[PDB]
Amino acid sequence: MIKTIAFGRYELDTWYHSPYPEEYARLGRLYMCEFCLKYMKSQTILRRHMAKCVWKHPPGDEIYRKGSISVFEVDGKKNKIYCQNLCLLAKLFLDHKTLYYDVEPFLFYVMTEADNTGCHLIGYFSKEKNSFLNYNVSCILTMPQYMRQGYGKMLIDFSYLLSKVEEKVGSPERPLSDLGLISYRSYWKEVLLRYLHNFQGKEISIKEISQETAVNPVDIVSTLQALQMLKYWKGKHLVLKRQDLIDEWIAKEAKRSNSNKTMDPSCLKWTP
């Protein structure tokens, strides 16, 4: 019954049960190494570990870097221990996360922010190496201390950048958590309105939008419906560009320039 964790300089309340070994669980308090994600039972043991631990960032390859923001690609097979610890840590904040131990079939995309002591964990998403259903995200998490600052949408944007470069369309693995659904709705909205703002033509197929954005046709239609931009006039379906939504976006996109909370495709260095 873990209530709290000490993670670097933060003290975080947990949301859900995670299956940590019982003799850790019963303390109700875990001390975590912020770099290798090893869990320990006291401050003093943590302090001892930090003196020995060489890790200043996630394992795997740094495939994105824009200044202090990185994304590391970590192979569940090559770095089993790290990926399990990450999954156990994630399940403290995920209601729905199934698995924690069998991480070999998964890639983990771990987003970090650098300061003078190292590259600190912001969040991550996991991805099946080979998904039967072409899911481009399995679970996604922003660490609580970083929530609602724009990092989540950057992680989501990053998941779709990978899909674009793979020349696939993608979708998050069902089921979507409540906060998952909200974040994805905000992102889908943003990219759909951006597309329609830039697009000059007289008509588009859902297919064409999906091809550009890597977003799944169903998710596009779902968003069009959400914004009440699908209509039916004289026996055919029309995309209705709402002026309120247009004006709202250019306003929201005027503050997106000075935000710095943006994934920049030119800062990716990756091949599947």
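Superpose the two forms; the largest set of C-alphas matching within 1.5 Å is the rigid core. Numbers follow the displayed sequence, beginning with 1.
ask   = Once the rigid core is matched, which of the two stretches, 204-212 or 23-31, lies farther off on average in 7 other deposited structures of this protein by C-alpha?
value = Between 204-212 and 23-31, greater C-alpha deviation in 7 other deposited structures of this protein belongs to 23-31.
ask   = Should the higher mean CA B-factor in the entry be assigned to 192-200 or to 150-158?
value = It is 192-200.
ask   = Which has the higher mean CA temperature factor in the PDB entry, 94-102 or 181-189?
value = According to the entry, 94-102 carries the higher average C-alpha B-factor.
message = Among 220, 69, 46, 37, where is the Cα B factor highest in this entry?
response = Going by the entry's C-alpha B-factors, 46 comes out highest.
inquiry  = Could you place residue 25 in the lowest, middle or highest third of its chain by Cα temperature factor, using the values in the record?
reply    = Top third by C-alpha B-factor.
ask   = Comparing residue 232 with the other modelled residues of its chain, is its CA B-factor in the lowest, middle or highest third?
value = Highest third of the chain for residue 232's C-alpha B-factor.
inquiry  = Where does the C-alpha B-factor of residue 170 rank in its chain, lowest, middle or highest third?
reply    = Ranked within chain, residue 170 CA B lands in the middle tercile.
request  = Determine, from the deposited record, the chain-internal third of the Cα B-factor for residue 81: lowest, middle or highest.
outcome  = It belongs to the middle third of the chain when residues are ordered by C-alpha B-factor.
query = Thinking about Cα B factors across the chain, which third does residue 112 belong to?
reply = For residue 112, whose C-alpha B-factor we compare with every modelled residue in the chain, the answer is the lowest third.
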